[PDB]
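Below: one protein chain in two forms, given as structure tokens, structure 1 then structure 2.
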Structure 1
């Protein structure tokens, strides 16, 4: 009965989520965090980096993907019951573009907790989106119908970036670090960030600059027209909130 389900609750350590606050600049204020997967085990903590290679050869990749998005929606649910309306950015591998079970999970979970889709922001690397355009394009279509926002991370340094934007038409962008580390002193970066910034605004694509660590960079992103910013200098990553 209940007892057997209760005995189950005696849950241990395993995957969990830490969060990085994303701050305002040119954009609209809103509680926005980026979720980072982690693994706790008898005292030690691990970044996916230390275990995604073994996952990669056994292909747990997709399951751990679904687990993450589900925990995201969940966390998104609690924060609502607590009356907050928090938004979460979740990294997602292309392996999830074709996976059907992903859509289904997002749908079920999203309803389970009664959380709107606009609260879930799915980010994927630009490089992976055009190597998988079609599957990436239908994933966008499916997910967007539930109201979820999908965007491109590491966007900006390719020969065909601006043409992906007009084609993929994502909700937001996370500027590549190859453009973001430089801005305080690179003319090429200062112009490119503005080029990207001007093609995004007319459509309302949100711009994000991550891994930010200076005041100068902060100031350069602001002027160039970046909507959001993340990084140690802005806020740490942890369970917090």
Structure 2
């Protein structure tokens, strides 16, 4: 045990150089969103001859404090693809994950600003999501971070929102551009009752501030209609379109 990790933590620190990392994307179709090109970005690793999923190493990168490094790698990689798909005339928008330790990371704030500029990519195309739980904690930083990146026109949103009470509490203290609905509420509206009304106490509340909304993980047409009645701007999940490397 003392060993396997040592091989992982090394190979990772390599993909952080001349990499081995790569990104798969997932279509984010919109109903109320009417209608832009958007994909959530997902990190893949080229260990040996096959492709690794963050379920194979994110744990490691955690204890060794390499997430900041990686997630800066992810964002910079997204901003590149944005330059590429834009120099090609596509105005593709990318949803990218940012951990909590990045709210204070300047190299992040600097890697966003510089790249975003060097590719002629207007920040508006870069959407950054992160759990509300991680925000309810690393707040102060996640506070100024918002401002830092938001100034460049980027969009900062919450992932897994609506779970616990304080969910609506953070709103009056934070201020996201988009809300990725928490699965504990999403996956069940076809039957679930309180949830039916739930994504309304949320939807109808976003419309005012203009806070977009994304119900992800959708896995059936039945619930697909449900979110339209709700007024959920965007939908994501294997049922709409799985994740893939292609664009």
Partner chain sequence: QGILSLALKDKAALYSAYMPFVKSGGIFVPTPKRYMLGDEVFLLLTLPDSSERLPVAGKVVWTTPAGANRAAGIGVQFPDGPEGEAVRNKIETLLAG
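Only residues modelled in both forms are compared. Between two forms, the rigid core is the largest collection of C-alphas that superpose within 1.5 Å. Residue numbers count along the first chain shown, from 1.
- Here the chain taken from the form deposited with its partner chain bound appears as structure 1, while structure 2 comes from elsewhere.
- The rigid-core alignment places the CA of residue 14 less than 2 Å apart between structures 1 and 2.
- Residue 42 shows a C-alpha shift of 2 Å or greater between structures 1 and 2 [criterion: core-superposed Cα displacement of 2 Å].
- Note on residue 160: its Cα is shifted 1.1 Å between structures 1 and 2, core used for superposition.
- Overlaying the rigid core between structures 1 and 2 leaves the Cα of residue 228 displaced by 0.4 angstrom.
- Against the superposed rigid core, the consecutive-residue runs (3 or more long) showing CA movement of at least 2 Å between structures 1 and 2 span 1-13, 41-43.
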